[PDB]
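A single chain, nothing else alongside it, follows as structure tokens in the form deposited in one PDB entry.
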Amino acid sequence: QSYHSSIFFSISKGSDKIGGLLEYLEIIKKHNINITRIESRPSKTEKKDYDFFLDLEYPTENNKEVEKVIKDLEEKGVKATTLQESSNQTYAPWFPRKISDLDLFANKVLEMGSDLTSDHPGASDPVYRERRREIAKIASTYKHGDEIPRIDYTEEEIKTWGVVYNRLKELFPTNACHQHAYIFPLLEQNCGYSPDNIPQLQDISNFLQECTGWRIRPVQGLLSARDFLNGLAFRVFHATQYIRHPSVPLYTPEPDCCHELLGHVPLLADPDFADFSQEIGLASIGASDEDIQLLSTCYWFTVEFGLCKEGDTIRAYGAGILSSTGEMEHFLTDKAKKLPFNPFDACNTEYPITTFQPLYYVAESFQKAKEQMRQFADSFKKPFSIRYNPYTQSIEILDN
């Protein structure tokens, strides 16, 4: 594995330091074995300035080489700011800058890829293990700009999907929030949602891009929370392509395609939910490890297991609920507590990952949850503020 650092600085058009700076950069472009990219762009905050971006990768954490680069660079008369992937707090946390920089995550999957747990129903199924390998390879080799490869799903795989699909769809009209009921016929009409067929990520991605500008990247398995959440800042949802083992169709701890496509996807075609999800993403950009953990908890209690109130009734929008017959049939009962959602209240709350939730949070609306997440993000100590530019598909850094 590798650790990324980024160095950035600005210089005004017409500075007599530009000539020497460019010479210095050409040198390290050729001779520095950790430099991966050097780019310059118009400043987004000062019309007469240029921004420079230096990206590096190092084999070890806290690699003292970057200090050498900073020193050399500042001898050319510019003031560098450095971001780094690290457990240390020497520099503020690194983040991907460009939507295409999500390619860096491609081979960073923690678990639930082609390495299964011994109690996994398919752990000793040689055909299933080979399949998981095959499908994982696709995510590992996927690049921004590519079409997502279509999977030729087998008859057994399609059968498992159908069992899940048919069980869940009976419960949606009575248990899901109305945005789900609004969006679902469009998925049938445009993305091939049906019991007889597993929808392809590329079709879903195209549909979401045109609705809310969200898009899908295939992923091997679980990413780290920072990486997954950072992807959300770009309105990019990482989704798996494999399906759960046929022997246990009504439950799995893994985010298989049933969970992604039936739980996560529909709400992303709703503009307010889409903005809310991106807000969570933006909050994570360059956030401390502590705050990432708070954001994961907020995500759990909203995107994964959130409830909405409609009149006197409670409905589910959380993906973990919408994709589980158990959970759908649990939340409506008085067997679980409900509280109004508030990131300052919810972020500290504990939760089980191997049972139904004993506590759910109810959001008033996705617009209010968005505004609430922005208050939360602002309460973080961040070295700078950030801003998404949909035209350039890029994070812009702002002072203070």
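Only residues modelled in both forms are compared. Under this definition, the rigid core comprises the largest set of C-alpha atoms superposing within 1.5 Å between the forms. Residue numbers here begin at 1 and follow the sequence given.
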item	value
Residue range whose averaged C-alpha B-factor is higher in the record, 222 to 230 or 118 to 126	118 to 126
7 to 15 or 375 to 383, whichever carries the higher mean Cα B-factor	375 to 383
Selection from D49, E26, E61, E39 [criterion: highest C-alpha temperature factor in the record]	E61
Candidate residues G113, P96, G213, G306, the one whose C-alpha B factor the record puts highest	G113
Record-listed C-alpha B factor of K68: chain third	middle
Third of the chain's Cα B-factor distribution that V78 belongs to, per the entry	middle
Within-chain third of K368 by Cα B-factor, per the entry	lowest
Chain-relative CA temperature factor third for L332	highest
Chain thirds of CA B-factor: placement of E279	lowest
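We do not show the form deposited with a small molecule bound, though everything after this point is about it.
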{"item": "Close approach of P149 to the small molecule in the deposited complex, 4.5 Å, heavy atom", "value": "no"}
{"item": "Any non-hydrogen atom of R132 within 4.5 angstroms of the small molecule in the deposited complex", "value": "no"}
{"item": "Interface membership of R244, the small molecule in the deposited complex, 4.5 Å heavy atom rule", "value": "yes"}
{"item": "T160: touches the small molecule in the deposited complex, heavy atom cutoff 4.5 angstroms", "value": "no"}
{"item": "Check all three, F9, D49 and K76, heavy atom within 4.5 Å of the small molecule in the deposited complex", "value": "no"}
{"item": "Partner-proximal stretch of 172 to 180, 247 to 255, 140 to 148, 191 to 199 relative to the small molecule in the deposited complex, 4.5 angstroms, heavy atom", "value": "247 to 255"}
{"item": "Selected contact from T302, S324, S284, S277, since only one has a non-hydrogen atom within 4.5 angstroms of the small molecule in the deposited complex", "value": "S324"}
{"item": "Residue among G320, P96, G122, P93 with a heavy atom within 4.5 Å of the small molecule in the deposited complex", "value": "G320"}
{"item": "Sole residue of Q189, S247, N166, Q89 shifting 2 angstroms or more in CA between this form and the one not shown, core aligned", "value": "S247"}
{"item": "Exceeds or equals 2 Å, Cα of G145 between this form and the one not shown, core fit", "value": "no"}
{"item": "Once both forms are overlaid on the core, stretches between this form and the one not shown of 3 or more residues with C-alpha shifts of 2 Å or more", "value": "121 to 127, 247 to 251"}
